[PDB]
4 protein chains.
Amino acid sequence: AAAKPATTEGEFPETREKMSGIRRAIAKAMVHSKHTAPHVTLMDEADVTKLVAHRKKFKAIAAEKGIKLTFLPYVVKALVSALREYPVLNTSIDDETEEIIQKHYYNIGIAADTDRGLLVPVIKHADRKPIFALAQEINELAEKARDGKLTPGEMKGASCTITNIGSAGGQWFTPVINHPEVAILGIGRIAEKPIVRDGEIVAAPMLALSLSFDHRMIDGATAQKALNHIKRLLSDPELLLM
Amino acid sequence: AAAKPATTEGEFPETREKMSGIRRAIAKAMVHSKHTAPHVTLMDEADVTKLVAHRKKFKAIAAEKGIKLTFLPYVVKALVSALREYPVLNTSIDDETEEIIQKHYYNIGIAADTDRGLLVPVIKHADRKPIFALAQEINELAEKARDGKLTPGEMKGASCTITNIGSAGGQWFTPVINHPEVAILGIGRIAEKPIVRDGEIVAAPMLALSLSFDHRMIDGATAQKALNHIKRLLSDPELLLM
Amino acid sequence: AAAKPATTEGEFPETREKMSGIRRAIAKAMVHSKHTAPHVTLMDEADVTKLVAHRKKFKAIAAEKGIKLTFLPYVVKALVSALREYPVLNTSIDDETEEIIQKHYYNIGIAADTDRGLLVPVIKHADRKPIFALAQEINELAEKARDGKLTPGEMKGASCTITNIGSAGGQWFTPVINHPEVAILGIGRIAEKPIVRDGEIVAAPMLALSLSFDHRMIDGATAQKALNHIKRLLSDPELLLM
Amino acid sequence: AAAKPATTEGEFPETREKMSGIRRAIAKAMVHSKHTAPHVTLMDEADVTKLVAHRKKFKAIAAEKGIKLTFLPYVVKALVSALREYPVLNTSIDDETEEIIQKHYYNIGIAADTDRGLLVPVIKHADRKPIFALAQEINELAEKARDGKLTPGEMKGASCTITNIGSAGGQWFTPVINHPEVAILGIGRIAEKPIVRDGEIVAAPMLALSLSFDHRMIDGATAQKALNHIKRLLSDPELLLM
């Protein structure tokens, strides 16, 4: 394929230059990922009226354990159980392009935007860990990321990832899969949105969930069901206990 | 990479053919652009209840200067100042793929769909021009585009672009960056949408803003912040004066 | 011409003496300026009921950027755009006294009364700068002035000047042009003044604006229009966006 | 005396040049006038509540004679009779600087801002002419001025002048005397201003009247009385009949 023709940018305005090492590694990674994978994003909104209420009530138990209860640890779980139900989400394309490596363990990573670039620390076996233990690790791996203390070993073997950026802003996005993975879970800003109760309209905060999928593996229907079930697992987190 | 296998379309129905010169140049350009750049679009809605009110009040001063106050000149500005604040949006990848050429001048272009194809006339130094002067130029470059009187010099050196198509229709889109640029600003139809005022729901026209970004440069967080700030600059255009 | 006859001031009372270096430079400058230029001042009051309301609302965004939103940065702009509209204000008399040098860039300076004298720091390209950036520079150049850290390079190439002294007092004044410039913008105290709304009288704060002009260039009508338009640009700062 | 030091204006911005013939003649005239005459302006406001009412009622008789009744012809008269009363206003300094040439005829001129410059057409014997005849001549000499059809003979022998610019704007100004004359009558915008009727405040349109005077002839008291009497002649134009 052909690229962008060189343009003498000094002809119109003034210029300056330079990048960094990590940004170049991310650049190349995102080049290979979008050149080797069929992309399409699914947009689904989950009713998070009860979850936000839960997160605010458990604020006392959080501080007692020295943790900050965010929306992140709850999401890591809602996916953790949904992944067990749909193994086609925790797989990868074999190099022979004719098979599917079904991972039995689920190590979910989360994007952490630092000064040097993007760092996705992986949480090993998030299925065997409660919100407090998960949040503790999310906060630890996030602080080590900003300080550049993250060992390369904590950046490997991730089944799926989550690009939580609800703290920043936006409504919908189209995240790109960090291969050899097959799916990424994007999440935007929360907003009290009007929802019909079969009779009248009622305000209810909704979470934006944009997930990308590799269609060489995950089709259209199977990818949507996953998100629809994530909606149900979020509205009633008690369905995770079940 | 492999392409589309030739299909004998004359076997099922009847057929006809032919294209034009400009459409072929646009085709090839959009081929290189999507083959050399990591794409993901960000969807953000800005409260434009006060802006629409402003645009309608200044209709008298517009006609006196022989100009039509559209939503275009206001957007060119809201981005113009937002670009100054976030220089990573007005840059480009060096051919050495290891640096960033930071443009100090901001020449924004806008897509103009003609009969022969797509033409993106560039407005030089839109940062040093008021709405009337900008609109005057937007209308001039647009009329010259439809008449094919646009010199090739006015189609060069653009920092960013805007694919305004709110006059046509739609809600959300996923525009593609006209490289070597790093970002494009898409805008859809306006619609009185329900927005909660912390107590009750209220009608308020919102502008659809879909922006594509090159992730080799612009990450997820930095791209969203840009759009969130564009939201704030649109809701209160007085923040541009500031 | 003849001067003041020497008077033995020691005959009536007691006396003391001495001046400073900067005051002598200002003295001589104001001697040449009033000996080579036709002077007449124009008094115009602008409705600043909405601007004062704006300046007070943006106090939160000001402190976040570490700036003090004064009436100065708003004035620098209202003139900045008015200057673009009327180029005869940003000119100067050629040494051949038969031409007019039309400056295309507008570098406005402001009088800063220090202990050693009068210092007029120039803000380069105030047309390409927002209120926050302008105020930041106004505060910086003002502090450097009082500390005597102002380099002589920042005291050159000014198109027009502003002698803001509203913080002190007074109603009207007759400032003198700092040549080779052609105009100076004086501003006095604000005061809630009675203004008829076609039916009844209503209180509304007004800004005193006294501008001097060189009549070898600027006539009576052209000078007034400038001030009348400055009135309109101040009452509705949204006309600057336009 | 010393002048303005040459400044290389090309060092900071870009430049352009050139003037015209008439503007140079006005420039030189205003140089000599302010270098040979002691200047001080007197600001006086006249109650024009009844005059404006008169001018609006006689609109029918005006159109019948093909004339536009402005505030100009009424002012030419109010001064015309006031000049007869105070001959020190219609004089001039003899070249011997020891006498006063008392003109017995009063030929008042009015400033007319054209494209080429300032033109002051003189109305001969305005004391022997009614408002209709005066207005007819004011309109005729004004149209000939804009068309450059004014013979140099109509620009000579003026006792006093009037720089009416109320149509443009402003509040107060400091006009400069067109020597060998001794006084000029400036007039600004009209505005319904609050005036106490010994009990309560009442709205009443006032005319701004700024007159410059040569103090080698006209002192402070004699100059003010003239303006105070002009106030009285304007409030009640029937005092001109008397």
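Can you pull out the residues in region D:168-217 that are under 17 Å from D:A46 (Cα atoms) and without any contact (Cβ under 8 Å) to a residue 12 or more places away in the chain?
Passing the criteria: D:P194, D:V196, D:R197, D:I201, D:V202, D:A203.
Go through the residues of region C:211-228 one by one and say whether even a single one is at the interface with chain D (Cβ under 9 Å from one of its Cβ atoms), among the aliphatic types (A, V, I, L, M) and assigned to a loop (DSSP other than H, G, I, E, B).
Checked against the condition, which is being at the interface with chain D (Cβ under 9 Å from one of its Cβ atoms), among the aliphatic types (A, V, I, L, M) and assigned to a loop (DSSP other than H, G, I, E, B), region C:211-228 yields at least one hit.
Here is a list: D:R146, D:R116. Which entry is under 27 Å from C:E99 (Cα atoms), out of contact with any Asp or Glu (no Cβ under 7 Å at 6 or more places or on another chain) and in contact (Cβ under 8 Å) with a residue 40 or more places away in the chain?
None of the other options fit; the residue is D:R116.
Go through (1) closer than 26 Å to A:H125 by Cα; (2) more than 8 Å from chain B (Cβ to nearest Cβ); (3) among the hydrophobic types (A, V, I, L, M, F, W, C); (4) part of a helix (DSSP H, G or I) for A:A60 and report which single condition fails.
(1)
If I filter region B:44-57 for residues that are more than 14 Å from chain A (Cβ to nearest Cβ), assigned to a loop (DSSP other than H, G, I, E, B) and not polar (S, T, N, Q), do I get at least one hit? I'd like the intermediate steps shown before the answer.
Initially, region B:44-57 is screened for residues more than 14 Å from chain A (Cβ to nearest Cβ), giving B:48-57.
In the following step, the residues that additionally are assigned to a loop (DSSP other than H, G, I, E, B) were identified as B:48.
Okay, now just the ones that are also not polar (S, T, N, Q), so B:48.
Scanning region B:44-57, I find at least one residue that is more than 14 Å from chain A (Cβ to nearest Cβ), assigned to a loop (DSSP other than H, G, I, E, B) and not polar (S, T, N, Q), so the answer is yes.
Pairs needed: first member in region B:47-67, under 27 Å from B:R232 (Cβ atoms); second member anywhere, crowded, with 16+ Cβ neighbours inside 10 Å and among the polar types (S, T, N, Q); C-beta distance under 9 Å; at least 6 residues apart or different chains.
Cβ pairs passing all conditions: B:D47/B:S235; B:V48/B:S235; B:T49/B:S235; B:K50/B:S235; B:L51/B:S235; B:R55/B:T70; B:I67/B:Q136; B:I67/B:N139.
Would you check if there is a residue in region A:83-99 being of a type in the set (D, E) and under 26 Å from A:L233 (Cα atoms)?
Here is the first cut: in region A:83-99, the ones of a type in the set (D, E) are A:85, A:94-96, A:98-99.
The next check asks that each one be under 26 Å from A:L233 (Cα atoms); those that pass are A:85.
Within region A:83-99, one or more residues are of a type in the set (D, E) and under 26 Å from A:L233 (Cα atoms).
Can you confirm whether region A:153-165 contains a residue that is in contact (Cβ under 8 Å) with a residue 60 or more places away in the chain, in a strand (DSSP E or B) and surrounded by 19 or more Cβ atoms within 10 Å (Cβ to Cβ)?
Here is the first cut: in region A:153-165, the ones in contact (Cβ under 8 Å) with a residue 60 or more places away in the chain are A:159-160, A:162, A:164.
Among the residues that remain, those that are also in a strand (DSSP E or B) are: A:162, A:164.
If we keep only those that are surrounded by 19 or more Cβ atoms within 10 Å (Cβ to Cβ) too, we end up with A:162, A:164.
Yes: one or more hits.
Do the conditions hold for B:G169, that is, is it assigned to a loop (DSSP other than H, G, I, E, B) and either of a type in the set (G, A, S) or in contact with a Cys (Cβ under 6 Å, 6 or more places away or on another chain) (or both)? Spell out how you get there, then give the answer.
Working: assigned to a loop (DSSP other than H, G, I, E, B): yes; either of a type in the set (G, A, S) or in contact with a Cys (Cβ under 6 Å, 6 or more places away or on another chain) (or both): yes.
When the stated conditions are applied, B:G169 passes them.
Can you find even one residue in region C:89-110 that is assigned to a loop (DSSP other than H, G, I, E, B) and more than 10 Å from every other protein chain (Cβ to nearest Cβ)? Step through it out loud before you land on a result.
First pass over region C:89-110, keeping only residues assigned to a loop (DSSP other than H, G, I, E, B): C:90-92, C:94-99, C:101-107.
Next, from what is left, pick out any that are more than 10 Å from every other protein chain (Cβ to nearest Cβ): none.
No: region C:89-110 contains no residue that is assigned to a loop (DSSP other than H, G, I, E, B) and more than 10 Å from every other protein chain (Cβ to nearest Cβ).
Of the numbered conditions (1) in contact (Cβ under 8 Å) with a residue 40 or more places away in the chain; (2) within 28 Å of D:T41 (Cβ to Cβ); (3) not hydrophobic (A, V, I, L, M, F, W, C), D:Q136 fails exactly one; give the number of that condition.
Here D:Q136 meets the rest and fails (2).
From the list C:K144, C:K149, C:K231, which residue is within 14 Å of chain D (Cβ to nearest Cβ) and either not aromatic (F, W, Y) or not in a loop (DSSP other than H, G, I, E, B) (or both)? Break it down into steps so the answer makes sense when it comes.
Working: C:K144 fails: within 14 Å of chain D (Cβ to nearest Cβ); C:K149 fails: within 14 Å of chain D (Cβ to nearest Cβ).
Among C:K144, C:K149, C:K231, only C:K231 is within 14 Å of chain D (Cβ to nearest Cβ) and either not aromatic (F, W, Y) or not in a loop (DSSP other than H, G, I, E, B) (or both).
I need the full set of residues from region D:1-43 which are hydroxyl-bearing (S, T, Y) and either closer than 27 Å to D:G166 by Cα or in a helix (DSSP H, G or I) (or both), in order please. Walk me through it before giving the result.
Of the residues in region D:1-43, the ones hydroxyl-bearing (S, T, Y) are D:7-8, D:15, D:20, D:33, D:36, D:41.
Scanning region D:1-43 gives D:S20, D:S33, D:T41.
Give region D:4-43 a look and list any residue that's surrounded by 15 or more Cβ atoms within 10 Å (Cβ to Cβ), over 28 Å from D:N228 (Cα atoms) and either at the interface with another protein chain (Cβ under 7 Å from one of its Cβ atoms) or of a type in the set (D, E) (or both), or say none.
If we filter region D:4-43 for residues that are surrounded by 15 or more Cβ atoms within 10 Å (Cβ to Cβ), which is where we start, we get D:4, D:7, D:9, D:12-13, D:15, D:19, D:22-24, D:26-27, D:29-31, D:33-34, D:37, D:39, D:41-43.
Next, from what is left, pick out any that are over 28 Å from D:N228 (Cα atoms): D:4, D:7, D:9, D:12-13, D:15, D:19, D:22-24, D:26-27, D:29, D:31.
D:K4, D:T7, D:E9, D:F12, D:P13, D:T15, D:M19, D:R24, D:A27, D:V31, listed by residue number.
Heads up, the Cβs are rebuilt from the backbone with ideal geometry, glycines too, and the neighbour counts pull from every protein chain shown. We did not get these values from a lab; they are worked out from the coordinates using the rules stated.
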